[PDB]
Amino acid sequence: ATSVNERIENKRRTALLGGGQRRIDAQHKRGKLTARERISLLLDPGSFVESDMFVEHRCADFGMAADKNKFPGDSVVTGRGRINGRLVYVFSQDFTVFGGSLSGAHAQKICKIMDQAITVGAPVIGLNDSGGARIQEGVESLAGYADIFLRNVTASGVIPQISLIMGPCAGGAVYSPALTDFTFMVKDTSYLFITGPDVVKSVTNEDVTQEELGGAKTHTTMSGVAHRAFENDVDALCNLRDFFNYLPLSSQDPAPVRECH
Amino acid sequence: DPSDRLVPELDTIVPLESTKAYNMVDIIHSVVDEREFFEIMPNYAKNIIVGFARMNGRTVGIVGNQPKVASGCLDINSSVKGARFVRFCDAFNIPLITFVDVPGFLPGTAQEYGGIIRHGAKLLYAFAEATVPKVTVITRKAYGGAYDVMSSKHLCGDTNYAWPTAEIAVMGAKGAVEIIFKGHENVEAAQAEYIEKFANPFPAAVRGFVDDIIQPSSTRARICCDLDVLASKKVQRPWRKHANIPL
Amino acid sequence: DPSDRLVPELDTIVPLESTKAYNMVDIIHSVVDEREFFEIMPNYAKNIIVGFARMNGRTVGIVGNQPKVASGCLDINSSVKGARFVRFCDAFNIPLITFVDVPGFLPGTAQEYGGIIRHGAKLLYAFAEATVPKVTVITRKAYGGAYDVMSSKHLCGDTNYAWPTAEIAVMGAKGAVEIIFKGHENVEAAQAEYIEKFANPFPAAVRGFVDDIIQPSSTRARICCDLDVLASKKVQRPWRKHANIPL
Amino acid sequence: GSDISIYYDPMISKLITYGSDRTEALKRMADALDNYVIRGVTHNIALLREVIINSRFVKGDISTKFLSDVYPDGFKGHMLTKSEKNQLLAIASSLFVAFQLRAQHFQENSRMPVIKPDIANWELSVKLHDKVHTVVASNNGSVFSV
Ligand SMILES: CCC(=O)SCCNC(=O)CCNC(=O)[C@H](O)C(C)(C)COP(=O)(O)OP(=O)(O)OC[C@H]1O[C@@H](n2cnc3c(N)ncnc32)[C@H](O)[C@@H]1OP(=O)(O)O
Ligand SMILES: *C(=O)CCCC[C@@H]1SC[C@@H]2NC(=O)N[C@@H]21
């Protein structure tokens with residue numbers, strides 16, 4: 001009689017929900033979906049293979065060693081799937097767990113999935129919804145950001161990289177989408193700024209809202225950072241799925257050719 | 001969609017007078033497969049149109065000027081938006097089709113103080129280093145250095161076409177006669193000869209700057225065949241770690 | 001043989017107690033296509049099994065530990081045989097599937113005088129330099145450096161799985177408690193904690209050293225898909241005439 | 001390529017059908033009016049099609065105020081029946097499934113082979129007007145069971 005077998009599905013259930021049902025309800029109330037259902041809506045049915053399901057952060061300072069702060073998965077879902085039968089490597093950030101903040105394990109999973117994608121020669125798709133670097137981790141978050149930036153630069157021109165911002169992305173989390181090939185946004189629910197409105201008001205003495213400072217309209221109309229903005233989450237996933245069919249899987253392949261009528 | 005489909009509604013889309021504008025998205029829809037066009041940055045720098053479409057089932061990148069917005073002039077935002085898209089298309093073996101209708105660059109002190117030269121160089125370099133097949137169609141006009149920036153034949157372009165309404169000129173007729181004929185004080189005839197001799201695609205076609213002058217209704221059938229023969233295009237360039245983008 | 005053929009017979013093939021042994025060739029037969037397996041050196045160094053099989057019609061090289069004889073411990077002959085087979089499989093673009101159930105290298109002065117270190121280095125190099133896709137499944141245990149020598153994830157492995165009855169540790173609980181806990185002079189709480197927290201595959205999973213913990217009945221269906229993705233794997237290494245095998 | 005301007009009459013065209021009797025003429029009018037393609041402007045083909053297949057028009061009793069009284073509030077369109085609604089939903093679902101299936105027909109790569117999905121039945125939610133319908137579509141070639 002061993003409890004490890006029970007612990008398997010115990011941690012599986014804790015990972016599937018993420019950071020709890022209450023935060024999922026809050027996410028739905030905000031008009032946004034969770035990472036897992038976003039992935040299910042993006043990929044072909046019955047084709048998602050997830051990697052590093054049981055990975056937790058290594059932080060042991062400032063109370064993060066407590067059992068209540070240990071979430072299996074660590075605010076990111078990473079894996080591979082297929083769109084219209086074509087292989088793709090996908091990661092989606094989970095705002096439920098610590099606001100999507102990137103810890104050491106988060107960046108480790110992203111770097112691993114990017115490394116596998118660049119080894120096999122497949123595109124990378126990232127659903128971005130994160131509050132920035134995790135302060136509790138410390139310089140580990142900066143190291144993870146730098147590793148992701150280095151992999152983004154190395155993979156530039158080798159495999160296509162698509163980033164879809166689906167929430168308020170602040171701080172370092174804004175540089176990775178800028179290094180990717182294309183940037184898409186969701187109206188009224190996605191933001192992209194380096195510093196928040198409070199810091200702007202405190203420093204520059206100016207009143208500005210989140211939507212005005214880094215909203216989808218601002219970045220798709222007068223900034224030139226994002227490429228397209230979509231009505232909501234489902235429309236964004238549908239349009240991204242349609243757009244993925246245009247691009248080749250790698251720079252070693254010719255332009256895709258389809259059937260004409 | 002058949003590759004040799006005729007597209008007759010483009011025969012008179014370009015107005016006879018040069019002071020009236022049209023929509024380039026109409027031409028793009030009429031030319032591409034099933035009239036389906038995934039436009040990139042549709043609400044930013046509207047005086048240029050970039051996007052992804054399909055020709056004979058093969059994905060292609062479309063870059064064009066928009067005479068409806070800002071008379072089709074080029075500026076900083078349009079230059080950057082076109083340049084990055086062209087660079088991405090070249091990087092992943094995606095053919096490029098360009099539609100040219102531009103009077104030049106947008107003048108003013110705001111453009112000069114913002115660094116219009118750097119971004120124009122960005123766009124010119126983006127079209128210059130491309131090794132993917134490039135097909136260019138001139139609809140109404142291409143004046144001055146913009147004609148070079150819009151994937152001319154001399155940038156190692158593959159095929160260049162001009163509609164009967166095309167006007168490949170150094171600059172505007174009035175400025176040309178005012179800089180050539182200074183003391184002639186008889187511009188009344190000079191306008192007649194200059195318009196009759198240089199306000200047409202003939203100066204460019206007489207020296208092979210455009211492959212042919214094609215009827216608009218045969219545009220699509222002209223492009224697809226080219227994309228059939230240029231799929232095996234392969235050129236070589238001097239070795240380097242990388243180049244110096246004018247960012 | 002369908003690529004998603006479920007294999008429930010592997011659900012309870014691993015005995016609960018760690019002192020009972022099972023047959024590794026049963027897992028090989030149940031996993032591979034049509035249960036056909038061409039073994040190499042079946043009667044020499046029988047604590048390891050190597051051979052050729054087919055997965056989804058593609059030829060695969062299979063190396064695994066046999067816990068029936070010598071409890072699966074590695075030695076000179078086993079290391080040499082496995083290293084040679086792995087080198088041949090890597091040299092001819094044949095993917096490798098590894099099944100890991102090993103407690104380490106068996107002790108004795110005959111192994112030390114014969115050069116067990118050199119042959120362990122043989123096999124470690126053989127898995128280290130391989131650039132073919134490698135799929136590793138840990139069945140029961142992987143203790144100490146042998147776990148590294150058996151195509152671990154850190155050794156440029158492609159995909160690593162662990163069964164729910166797997167366990168990865170530096171060595172057994174007894175030696176670890178003896179070398180760590182000496183001043184407590186009590187094993188009532190130390191042994192219980194070590195068994196409950198370091199006698200299960202969770203330390204390897206939480207650090208990300210195994211991709212997933214899978215049910216045994218989904219083994220084959222899991223491997224085939226991995227062999228479909230990893231077909232186009234390509235890596236680059238520094239130039240050299242050759243390397244020094246520790247022969 | 002022809003354009004409609006504010007200066008002249010809005011007359012797009014003049015369609016005529018001839019048959020042995022009135023019923024054949026009306027059938028030919030319907031057939032030729034369903035196969036007439038205009039894209040770019042707004043036409044009154046819907047009004048003509050609804051008027052032609054009108055029961056009162058078929059019977060014969062018409063007057064100069066025939067258009068005024070049959071649509072007191074105004075023109076609304078074709079009030080399609082239950083069978084026609086089912087046919088329209090089936091056609092739309094089949095077209096959607098056909099587009100989705102065509103989206104998967106890539107050329108052979110020889111380096112990254114594709115694995116075409118094997119969806120047997122497509123389960124769809126179709127919103128028409130202000131009603132949601134559940135549709136199950138299956139394909140076995142050029143034939144769709146909806
Ligand atoms: C430049 C390189 C770097 O180091 S960037 C580091 C990030 N810098 C910052 O200033 C963080 C600012 N974050 C924010 O302002 C908000 O969280 C934003 C991102 C605007 C979210 O907006 P909103 O939709 O209202 O959600 P919320 O504020 O209720 O947040 C809910 C939970 O998320 C958490 N969260 C968010 N970010 C972090 C973070 N970096 N580290 C740790 N936790 C974070 C919040 O603590 C919050 O927790 P709780 O559920 O309210 O208890
Ligand atoms: C105006 O540009 C068109 C002249 C033809 C219409 C004239 S005027 C009104 C009459 N009614 C009709 O159908 N033709 C006549």
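What's counted below: heavy atoms across the whole structure, side chains too, no hydrogens, waters or symmetry copies. Labels below follow one simple rule: chain letters A, B, ... track the order of the sequence lines, proteins then strands, and each chain is numbered from 1.
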Original post:
For residues 46-63 of chain C, which residue pairs qualify under side chain to side chain donor-acceptor pair (under 3.5 Å), counting only residues two or more places apart or in two chains?
Top reply: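 Side chain to side chain donor-acceptor pair (under 3.5 Å) check on residues 46-63 of chain C returns C/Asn47-C/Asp75.
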
The complete set of side chain to side chain donor-acceptor pair (under 3.5 Å) pairs with one or both residues in residues 111-120 of chain D, sequence neighbours excluded, reads A/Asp253-D/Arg111, D/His105-D/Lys116

For C/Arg35, the salt bridge (charged side-chain N to carboxylate O under 4.0 Å, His left out) test, sequence neighbours excluded, returns C/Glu9

C/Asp33 meets the salt bridge (charged side-chain N to carboxylate O under 4.0 Å, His left out) criterion, sequence neighbours left out, with C/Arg220

Determine the minimum heavy-atom distance between [X] and [Y], stating which atoms define it.
X: C/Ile168; Y: C/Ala204; answer: CD1-CB, 4.0 Å
X: C/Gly51; Y: C/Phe85; answer: O-CZ, 3.0 Å
X: C/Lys68; Y: C/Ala21; answer: CA-CB, 4.2 Å
X: C/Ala126; Y: C/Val86; answer: O-CG1, 3.3 Å
X: C/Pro164; Y: C/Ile214; answer: CD-O, 3.2 Å
X: C/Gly82; Y: C/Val50; answer: CA-CG1, 4.2 Å

Verdict with reasoning, C/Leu96 to C/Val135, per side chain to side chain contact (heavy atoms under 4.5 Å, CB included): CA-CA 6 Å; C/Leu96 287 160; C/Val135 188; over 6 Å; no

For [X], I'd like to know if atom [atom1] has over 12 heavy atoms of other residues, nucleotides or ligands within 6.0 Å.
X: C/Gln236; atom1: CD; value: no
X: C/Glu34; atom1: CD; value: no
X: C/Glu193; atom1: CD; value: no
X: A/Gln108; atom1: CD; value: yes
X: C/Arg84; atom1: CZ; value: no
X: C/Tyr22; atom1: OH; value: yes

Okay, side chain of [X], backbone of [Y]: is any donor-acceptor separation there less than 3.5 Å?
X: C/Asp158; Y: C/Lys134; value: yes
X: C/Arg5; Y: C/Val32; value: yes
X: C/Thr136; Y: C/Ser151; value: yes
X: C/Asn93; Y: C/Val132; value: no
X: A/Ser156; Y: A/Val153; value: no
X: A/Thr119; Y: C/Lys233; value: no
X: C/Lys81; Y: C/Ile48; value: yes
X: A/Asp44; Y: A/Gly85; value: yes
X: A/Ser251; Y: A/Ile159; value: no
X: A/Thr180; Y: A/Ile162; value: no

Open item on the list: Between C/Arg237 and C/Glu129 (salt bridge meaning N to carboxylate O under 4.0 Å), is one present in this structure?
Closed with: no

>> Under a 4.0 Å threshold between the charged nitrogen and the carboxylate oxygen, would A/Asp52 count as salt-bridged to A/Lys112?
In response: yes

Quick one: list whatever passes side chain to side chain contact (heavy atoms under 4.5 Å, CB included) with [X], sequence neighbours left out.
X: A/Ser40; result: A/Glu37
X: C/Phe88; result: C/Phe52, C/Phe92, C/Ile94
X: C/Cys225; result: A/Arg80
X: C/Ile117; result: C/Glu112

Would you mind reporting whether [Y] and [X] have side-chain heavy atoms less than 4.5 Å apart?
X: C/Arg118; Y: C/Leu247; answer: no
X: C/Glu196; Y: A/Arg7; answer: yes
X: A/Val49; Y: A/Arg82; answer: no
X: C/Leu124; Y: C/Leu155; answer: yes
X: D/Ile119; Y: D/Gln100; answer: no
X: C/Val31; Y: C/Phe37; answer: no
X: A/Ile148; Y: A/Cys111; answer: yes
X: C/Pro216; Y: C/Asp11; answer: yes

Distance, nearest 0.5 Å, that separates [atom1] of [X] from [atom2] of [Y]:
X: C/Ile62; Y: C/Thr98; atom1: CD1; atom2: OG1; result: 9.5 Å
X: A/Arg258; Y: D/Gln104; atom1: CZ; atom2: CD; result: 11.0 Å
X: C/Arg140; Y: C/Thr165; atom1: CZ; atom2: OG1; result: 7.5 Å

Checklist entry - After noting the C-alpha distance and the side-chain angles of C/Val137 and C/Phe99, does the key distance pass the side chain to side chain contact (heavy atoms under 4.5 Å, CB included) rule? => result CA-CA 5 Å; C/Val137 184; C/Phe99 297 87; 4.2 Å; yes

Handout entry: Worked verdict on A/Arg151 versus A/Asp115 for side chain to side chain contact (heavy atoms under 4.5 Å, CB included)
Key = CA-CA 8 Å; A/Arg151 270 156 180 81; A/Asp115 274 323; 2.6 Å; yes

Which residues pass the ring pair (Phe, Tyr, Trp, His ring centres under 6.0 Å) test with [X], sequence neighbours left out?
X: A/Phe244; answer: none
X: A/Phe91; answer: none
X: C/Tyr113; answer: none

Q.
Checking C/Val210 against C/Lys153 for the side chain to side chain contact (heavy atoms under 4.5 Å, CB included) test, could you report, in this order, the C-alpha distance in whole Å, the side-chain angles of both residues, the deciding distance, and whether it holds?
A. CA-CA 7 Å; C/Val210 285; C/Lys153 162 80 87 190; over 6 Å; no

Residues pairing under ring-ring contact (aromatic ring centres under 6.0 Å, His included) where one sits in residues 126-164 of chain C, two or more places apart or in two chains, turn out to be C/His154-C/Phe209

For this session: Classify the side-chain pair C/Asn23/C/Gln66 by whether it contains a donor and acceptor separated by less than 3.5 Å.
Result: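 The answer is yes; a qualifying pair exists.
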
